[PDB]
Amino acid sequence: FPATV
Amino acid sequence: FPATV
Amino acid sequence: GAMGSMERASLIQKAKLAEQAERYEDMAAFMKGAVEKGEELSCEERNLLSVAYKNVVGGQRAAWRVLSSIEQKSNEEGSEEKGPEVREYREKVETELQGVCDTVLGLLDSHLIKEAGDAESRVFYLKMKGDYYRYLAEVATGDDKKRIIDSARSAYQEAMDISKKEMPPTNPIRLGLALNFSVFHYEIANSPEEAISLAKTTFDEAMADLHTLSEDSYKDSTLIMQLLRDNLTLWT
Amino acid sequence: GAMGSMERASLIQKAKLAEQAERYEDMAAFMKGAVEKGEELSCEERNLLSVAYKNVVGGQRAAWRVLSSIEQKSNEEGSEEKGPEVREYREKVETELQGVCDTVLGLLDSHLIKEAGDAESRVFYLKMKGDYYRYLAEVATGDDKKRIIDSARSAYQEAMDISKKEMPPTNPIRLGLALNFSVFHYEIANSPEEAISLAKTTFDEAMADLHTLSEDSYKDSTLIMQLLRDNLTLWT
Ligand SMILES: CC(C)(Oc1ccc(Cl)c(F)c1)C(=O)Nc1cccc(-c2csc(C(=N)N)c2)c1
Ligand SMILES: CC(C)(Oc1ccc(Cl)c(F)c1)C(=O)Nc1cccc(-c2csc(C(=N)N)c2)c1
Ligand SMILES: [Mg+2]
Ligand SMILES: [Mg+2]
Ligand SMILES: [Mg+2]
Ligand SMILES: [Mg+2]
Ligand SMILES: [Mg+2]
Ligand SMILES: [Mg+2]
């Protein structure tokens, strides 16, 4: 999955 | 800590 | 309600202890109680709230994905009918996840967002609103799915508009908002080109503003810039 | 009670799904429901029960240790009085841990142990009884602490006596029982020499019986033998 913060 | 199972 | 008898400062203190003990459900419950005292949250307190619920919902999302994958495989032709149990348990986890998202959205609506006037608080909470609608969108399948997606988009867009007017391009909240809205475009809105354009423009505009920053601010901004680059590498 | 309406087989199936999703609290609740159907548990089912509760209580123990360390530091001279919150939250986690241990011990007493006649089931459950009394002993401080320690010792001892009469020295349940009873001696009963002697004799007697085993059994036994060696290295 892509990065989120 | 020591190992337990 | 169960935190109504505990002092605000004690709830914050215990949220920090819960974090140290990796007790994120407790952390979230303490922070919910703190929000429900009715006072605005400081910067540190906003981040305690977000860390707590991000960890709780992140675990639920990971579990939902495992179960959804098992359910998908169970429904391929040639698979053996193993009864309603996989669907039931995926639904159980899904309903709990939705409950957490609804709780967070409820705190934002009653009444964190309406009292948030400074860009750093308002953008932070609107980003959260977009994130929790995005998590609802990840599991949505019914009449309301398009409205859930649009609720996420609308919250992210208001946050973006404020952030571009009121924050420098290196502000870590602005960067993290852009990171997540870009992921929304890629994974939720079927808009990979918008996702890539947003990540690239955000990265490049931040790069050009790094020269204004102290060493510590530079570290914070470049950390999030690297996440934007990581996603761009994944997507191109 | 909340699992009373779900089929036994469905509870077992969902326990396995919960494990895959790393949802150990759910796993434990499903297995508690399965036990409460009143039928004996198969070997696989016994291990699902133990895995679930070991993961739940292991997380509680880790959190309790973090909080106890913070509490100890708060009470050293020169430390700043930060109020009752650390003690309160350590007590909250402690009470939840005790509740889980009491639940497991209750399942063993009603009525898993009394119906367990084969060595593989009876030793397994008596080991569990010793383990959960040991976890209660780790947090005990009151009038009953010595009785809690003795309850752990007694359960481990009955398990040991059966295991030495009815199982080969390489049986993994016998080995894991010895491993844990040795830890009980070292960490709970202030008996490091007994802990070391038990680990060494167990290891050496298992070594001498490995020649009787298939490749797969050898792998299982040597895995637990290595844990005995690891503890011996830590202690000598
Ligand atoms: C590195 C990371 C993930 O970057 C982000 C960038 C953008 C957004 Cl919008 C975001 F939510 C995070 C982050 O957490 N930065 C940060 C910033 C300010 C305060 C705190 C903080 C105070 S207390 C605390 C705790 N964990 N006890 C954490 C943490
Ligand atoms: C390697 C380890 C930790 O060794 C032990 C040695 C002694 C004891 Cl007394 C013990 F509790 C463990 C173990 O788990 N061995 C084992 C043995 C038999 C069955 C299963 C099993 C069936 S199903 C399942 C699941 N996780 N879904 C696991 C697992
Ligand atoms: Mg007050
Ligand atoms: Mg549903
Ligand atoms: Mg644009
Ligand atoms: Mg039935
Ligand atoms: Mg107590
Ligand atoms: Mg002896």
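Just the heavy atoms: all of them, side chains too, but no hydrogens, waters or symmetry mates, feed the values below. Chain letters run A, B, ... following the sequence lines, proteins first, then strands; residues in each count from 1.
- Taking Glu96(D) as the reference, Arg23(C), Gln60(D) meet the side chain to side chain contact (heavy atoms under 4.5 Å, CB included) condition, with sequence neighbours excluded.
- Although no hydrogens or angles enter the test, the distance criterion places a donor-acceptor pair under 3.5 Å between the side chain of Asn231(C) and the main chain of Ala3(A).
- The salt bridge (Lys or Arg N to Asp or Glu O under 4.0 Å) check on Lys32(C) picks up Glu36(C), with sequence neighbours excluded.
- Residues that satisfy the salt bridge (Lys or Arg N to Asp or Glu O under 4.0 Å) test with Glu187(C), not counting sequence neighbours, are absent from this structure.
- Pairs passing the ring pair (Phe, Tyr, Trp, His ring centres under 6.0 Å) check and including a residue from residues 10-39 of chain C, sequence neighbours excluded, read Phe30(C)-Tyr89(D).
- Because its NZ or CZ atom is not both nearer than 6.0 Å to the ring centre of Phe1(A) and within 45° of the ring axis, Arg61(C) does not count as a cation-pi partner of that residue.
- In this structure, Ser151(D) contributes its side chain and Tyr133(D) its backbone to no donor-acceptor pair below 3.5 Å.
- The salt bridge (charged side-chain N to carboxylate O under 4.0 Å, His left out) pairs that include a residue from residues 195-204 of chain D are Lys200(D)-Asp204(D), where partners are two or more places apart or lie in different chains.
- With sequence neighbours excluded, no residue forms a salt bridge (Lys or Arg N to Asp or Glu O under 4.0 Å) with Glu85(D).
- Listed by chain and number, the residues in a salt bridge (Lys or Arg N to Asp or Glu O under 4.0 Å) with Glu25(C) amount to none (sequence neighbours excluded).
- Residues in residues 204-225 of chain D take part in no ring pair (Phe, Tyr, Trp, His ring centres under 6.0 Å) pair, two or more places apart or across chains.
- Identified under the ring pair (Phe, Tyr, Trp, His ring centres under 6.0 Å) test for residues 179-207 of chain D, with sequence neighbours left out: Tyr156(D)-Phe181(D), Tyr156(D)-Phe184(D), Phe181(D)-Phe184(D), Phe181(D)-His185(D), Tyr186(D)-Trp235(D).
- Screening residues 13-22 of chain C for salt bridge (charged side-chain N to carboxylate O under 4.0 Å, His left out) gives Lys14(C)-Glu88(D), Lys16(C)-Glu44(C) as the qualifying pairs, with residues at least two apart or on separate chains.
- Sorted by first and then second residue, the pairs that involve residues 103-127 of chain D and meet side-chain hydrogen bond (donor to acceptor under 3.5 Å, both in side chains), not counting sequence neighbours, are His111(D)-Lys114(D), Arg122(D)-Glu158(D), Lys127(D)-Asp131(D).
- Applying the ring pair (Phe, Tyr, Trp, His ring centres under 6.0 Å) test to every pair with at least one member in residues 46-70 of chain C, sequence neighbours left out, gives no pairs at all.
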